[PDB]
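With the entry's author numbering as the guide, the letters of the sequence shown map in order to residues 2 to 19, 29 to 192. What follows is a short report on a single structure.
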Amino acid sequence: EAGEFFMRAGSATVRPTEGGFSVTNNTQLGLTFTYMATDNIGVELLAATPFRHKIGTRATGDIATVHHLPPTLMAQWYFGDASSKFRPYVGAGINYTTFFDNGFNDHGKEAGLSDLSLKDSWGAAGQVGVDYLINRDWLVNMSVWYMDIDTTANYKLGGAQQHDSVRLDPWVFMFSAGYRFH
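As structure tokens, this is what we get:
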């Protein structure tokens with residue numbers, strides 16, 4: 002497996018962590043590119059199509075929608091050996107998330123909200139997952155990611171109240187199939 006490069010394609014679902031400031035879960039296309047430093051140490055990049063979340067509270071409901079790209083870079087450790095058909099793994103790394111295409115809905119505007127945007131964020135990331143190596147060519151995968159994503163939302167409330175701290179700190183769940191290149 003040393004020298005190997007494999008790509009996984011599948012669903013990645015982001016579940017943001019905590029009157030009420032709720033944020034919906036969203037599932038998008040997930041892609042990971044990984045390389046084997048050795049038979050156990052791997053280098054992986056997670057990529058995704060942009061995610062879309064709705065924000066809101068109990069009474070009003072949705073008041074805005076937000077999108078972001080959470081590209082993540084990881085150093086990993088695969089258990090077992092190069093011949094194991096079943097290899098769980100763990101990783102630690104750095105995440106970078108950018109928010110874009112953020113706007114309040116009619117309801118947000120009716121309440122006096124406008125000019126919304128969130129500033130970029132960097133943060134620790136951890137992961138545990140499993141690869142089931144079917145052939146020298148294919149595999150199926152599961153993956154659970156944790157990510158430090160702290161930001162601050164900027165917008166005006168009829169006036170200019172443009173600063174609040176948003177903490178997503180989401181878990182990301184990924185299911186995929188992967189191809190191997192030797």
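Ideal Cβ placement from N, Cα and C applies to all residues, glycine included.
Rounded C-alpha distance that separates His192 from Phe6 = Roughly 7 Å separates the two Cα atoms.
Determine the extent of the alpha helix (DSSP H) in which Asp116 is found, giving its start and end residues.
-> Note, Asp116: alpha helix (DSSP H), 116–120.
CA nearest to the CA of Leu178, picked from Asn36, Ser12, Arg68, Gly11 = Nearest neighbour of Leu178 by Cα position, chosen from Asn36, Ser12, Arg68, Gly11, turns out to be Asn36.
Would you mind sorting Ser175 into buried or exposed? The rule is 16 or more other CB atoms within 10 Å of its CB.
-> Exposed is the call here.
C-beta contact flag for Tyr106 and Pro81 at 8 Å = Yes.
Between which two residues does the beta strand (DSSP E) carrying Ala187 extend?
-> Here the beta strand (DSSP E) through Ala187 covers 181–191.
If you run the structure through DSSP and keep just helix, strand and coil, what is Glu5?
-> Note: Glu5 maps to coil in three-state DSSP.
When the Cα atoms are used, what is the spatial distance from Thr42 to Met84?
-> Between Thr42 and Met84, the C-alpha separation is close to 10 Å.
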